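J.: Contents of upload_11.cif (mmCIF, C-alpha atoms) are given next:
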data_work
loop_
_atom_site.label_atom_id
_atom_site.label_comp_id
_atom_site.auth_asym_id
_atom_site.auth_seq_id
_atom_site.Cartn_x
_atom_site.Cartn_y
_atom_site.Cartn_z
CA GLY A 1 131.50 82.12 103.33
CA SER A 2 128.49 83.49 101.50
CA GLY A 3 125.40 82.29 103.31
CA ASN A 4 122.32 83.92 101.82
CA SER A 5 120.07 82.62 104.58
CA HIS A 6 119.69 82.57 108.39
CA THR A 7 121.42 85.96 108.43
CA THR A 8 121.15 87.31 111.97
CA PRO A 9 121.34 91.11 112.69
CA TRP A 10 124.29 90.50 115.03
CA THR A 11 126.61 89.65 112.13
CA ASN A 12 127.88 93.22 112.09
CA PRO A 13 128.26 95.49 115.16
CA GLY A 14 127.20 98.47 113.06
CA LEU A 15 124.27 96.58 111.58
CA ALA A 16 123.22 95.62 115.10
CA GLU A 17 123.29 99.31 116.02
CA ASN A 18 121.11 100.27 113.04
CA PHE A 19 118.79 97.33 113.67
CA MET A 20 118.28 97.85 117.41
CA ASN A 21 118.00 101.62 117.04
CA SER A 22 115.29 101.35 114.41
CA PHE A 23 113.73 98.65 116.59
CA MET A 24 113.54 100.72 119.78
CA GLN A 25 112.42 103.79 117.81
CA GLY A 26 109.62 102.04 115.95
CA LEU A 27 108.52 99.95 118.92
CA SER A 28 108.02 103.12 120.95
CA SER A 29 105.25 104.03 118.50
CA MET A 30 103.65 100.60 118.85
CA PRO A 31 101.01 99.72 121.48
CA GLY A 32 101.38 97.31 124.38
CA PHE A 33 104.48 99.04 125.72
CA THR A 34 104.84 102.06 127.96
CA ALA A 35 107.64 104.66 127.75
CA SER A 36 109.18 103.38 131.00
CA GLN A 37 109.64 99.99 129.34
CA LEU A 38 111.05 101.45 126.11
CA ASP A 39 113.52 103.20 128.41
CA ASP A 40 114.88 99.79 129.39
CA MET A 41 114.76 98.41 125.85
CA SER A 42 116.92 101.40 124.95
CA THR A 43 119.42 100.02 127.46
CA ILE A 44 119.01 96.52 126.03
CA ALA A 45 119.73 97.99 122.61
CA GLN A 46 122.81 99.90 123.77
CA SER A 47 124.02 96.86 125.74
CA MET A 48 123.70 94.30 122.93
CA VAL A 49 125.25 96.67 120.38
CA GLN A 50 128.24 97.53 122.60
CA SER A 51 128.73 93.85 123.42
CA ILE A 52 128.97 92.97 119.72
CA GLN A 53 131.08 96.10 119.17
CA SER A 54 133.76 94.89 121.58
CA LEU A 55 133.37 91.27 120.44
CA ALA A 56 133.94 92.00 116.75
CA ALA A 57 136.61 94.60 117.50
CA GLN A 58 139.20 92.40 119.20
CA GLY A 59 138.22 89.27 117.32
CA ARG A 60 135.08 87.98 115.64
CA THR A 61 131.70 86.32 116.12
CA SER A 62 131.20 82.58 115.63
CA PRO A 63 127.82 81.10 114.47
CA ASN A 64 127.37 79.71 117.99
CA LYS A 65 127.22 83.27 119.33
CA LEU A 66 124.29 84.14 117.06
CA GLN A 67 122.31 81.21 118.41
CA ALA A 68 122.97 82.43 121.92
CA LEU A 69 122.60 86.21 121.58
CA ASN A 70 119.21 85.61 119.95
CA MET A 71 117.89 84.08 123.18
CA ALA A 72 119.84 86.51 125.36
CA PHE A 73 118.12 89.75 124.35
CA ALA A 74 114.88 87.79 124.09
CA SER A 75 115.12 87.04 127.80
CA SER A 76 115.74 90.66 128.75
CA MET A 77 112.76 91.74 126.67
CA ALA A 78 110.69 88.91 128.15
CA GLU A 79 110.74 90.58 131.58
CA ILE A 80 109.53 93.75 129.85
CA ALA A 81 106.90 91.95 127.81
CA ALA A 82 105.58 90.49 131.06
CA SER A 83 105.43 93.99 132.52
CA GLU A 84 101.92 95.19 133.29
CA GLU A 85 101.25 98.87 132.61
CA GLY A 86 99.82 101.20 129.97
CA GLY A 87 99.62 98.96 126.94
CA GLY A 88 97.85 95.81 128.02
CA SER A 89 98.63 92.12 127.76
CA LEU A 90 101.82 90.30 126.71
CA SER A 91 100.05 89.32 123.49
CA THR A 92 100.35 92.98 122.45
CA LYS A 93 104.01 93.06 123.47
CA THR A 94 105.45 90.27 121.35
CA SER A 95 103.47 91.21 118.25
CA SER A 96 104.87 94.74 118.32
CA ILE A 97 108.40 93.44 118.94
CA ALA A 98 108.03 91.21 115.88
CA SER A 99 106.91 94.04 113.64
CA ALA A 100 109.48 96.52 114.93
CA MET A 101 112.33 94.20 113.95
CA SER A 102 110.70 93.62 110.57
CA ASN A 103 110.33 97.33 109.84
CA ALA A 104 113.84 97.91 111.19
CA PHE A 105 115.58 95.41 108.90
CA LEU A 106 113.75 96.86 105.90
CA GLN A 107 115.36 100.23 106.63
CA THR A 108 118.81 98.76 107.19
CA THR A 109 119.42 96.08 104.56
CA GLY A 110 116.03 96.00 102.87
CA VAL A 111 115.49 92.31 103.56
CA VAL A 112 113.79 90.91 106.64
CA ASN A 113 114.47 87.55 108.27
CA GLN A 114 111.02 86.14 109.02
CA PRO A 115 112.32 82.82 110.58
CA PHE A 116 114.38 84.99 112.93
CA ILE A 117 111.36 87.09 113.89
CA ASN A 118 109.34 83.94 114.53
CA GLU A 119 112.18 82.38 116.51
CA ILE A 120 112.50 85.48 118.68
CA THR A 121 108.76 85.72 119.35
CA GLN A 122 108.82 82.07 120.43
CA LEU A 123 111.74 82.65 122.79
CA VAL A 124 110.34 85.86 124.32
CA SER A 125 106.90 84.34 124.92
CA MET A 126 108.52 81.24 126.39
CA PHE A 127 111.02 82.92 128.71
CA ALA A 128 108.41 85.43 129.89
CA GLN A 129 105.92 82.80 131.05
CA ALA A 130 108.66 80.54 132.39
CA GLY A 131 110.40 83.42 134.14
CA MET A 132 113.91 82.16 133.43
CA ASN A 133 116.69 82.00 130.83
CA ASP A 134 117.52 78.41 131.81
CA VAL A 135 119.96 78.62 134.70
CA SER A 136 119.85 76.63 137.96
CA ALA A 137 116.55 75.37 136.53
#
Kindly transcribe the structure held in the file into structure tokens.

T.:
Amino acid sequence: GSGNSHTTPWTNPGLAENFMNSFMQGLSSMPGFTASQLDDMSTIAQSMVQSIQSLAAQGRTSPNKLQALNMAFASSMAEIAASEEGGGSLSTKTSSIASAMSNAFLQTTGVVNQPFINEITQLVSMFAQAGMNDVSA
């Protein structure tokens, strides 16, 4: 039904595309990251989008998926955020990630989900320093 809150960018496979594209584009212009790392985030973008593409194509996405995919791509960016190179500390990584998503969602639907951005930045920072996505742990 109509839920005007907690809207996650993975609700629509096309929205995910627009979101992640704008994300990886804008983030490339932000500090902390190096082009070699944006190269991988490009893959993370294409991977997540295609996953949701196939998922929504032959069926649909349940709310449970949103609360899993949010920590999934956070983990794959965590390894990149913890990557040392031209850009500096991880503190500069997560802050840029946060803003990139914000600026992205403004271009796509015009409204940004701040709780989401905070949730993601918590996950990324956590998984990066823990070095795991909770498995065999």

J.: Residues within 8 Å of (111.9, 96.4, 131.2), file coordinates, counting all atoms listed in the file: what are they? Give the list as a list in words.

T.: residues 36, 37, 38, 39, 40, 41, 76, 77, 79, 80, 81 and 83 of chain A

J.: To one decimal in Å, tell me the separation between CA of residue 89 (chain A) and CA of residue 21 (chain A).

T.: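 Interatomic distance, CA of residue 89 (chain A) to CA of residue 21 (chain A): 24.1 Å.
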
J.: Using all atoms listed in the file, pick whichever of A:78, A:100, A:112, A:68 has the shortest atom-to-atom distance to residue 23 (chain A).

T.: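 For residue 23 (chain A), the nearest of the candidates is A:100.
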
J.: Given the file above and the PyMOL selection byres ((chain A and resi 99) around 12), which residues are selected, and can you give them as an MDAnalysis selection string?

T.: chainID A and resid 22:31 92:98 100:106 112:114 116:118 120:121

J.: Name the residues that the PyMOL selection byres ((chain A and resi 49) around 8) pulls out of this structure, and write them as a PyMOL selection string.

T.: chain A and resi 13-14+16-17+20+45-48+50-53

J.: Any idea what the distance is between CA of residue 87 (chain A) and CA of residue 33 (chain A)?

T.: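 Computed distance, CA of residue 87 (chain A) to CA of residue 33 (chain A), equals 5.0 Å.
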
J.: Figure out the distance between CA of residue 111 (chain A) and CA of residue 15 (chain A), please, to one decimal in Å.

T.: 12.6 Å

J.: Choose the residue, out of A:84, A:109, A:60, A:71, that has the smallest atom-to-atom separation from residue 127 (chain A); count only C-alpha atoms.

T.: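 Selected residue with least distance to residue 127 (chain A): A:71.
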
J.: Adding 8 Å on each side of the box along x, y and z that holds all listed atoms of region 124-132 of chain A, could you give its centre and edge lengths in Å to one decimal, as JSON?

T.:
{"center_x": 109.9, "center_y": 83.2, "center_z": 129.2, "size_x": 24.0, "size_y": 21.3, "size_z": 25.8}
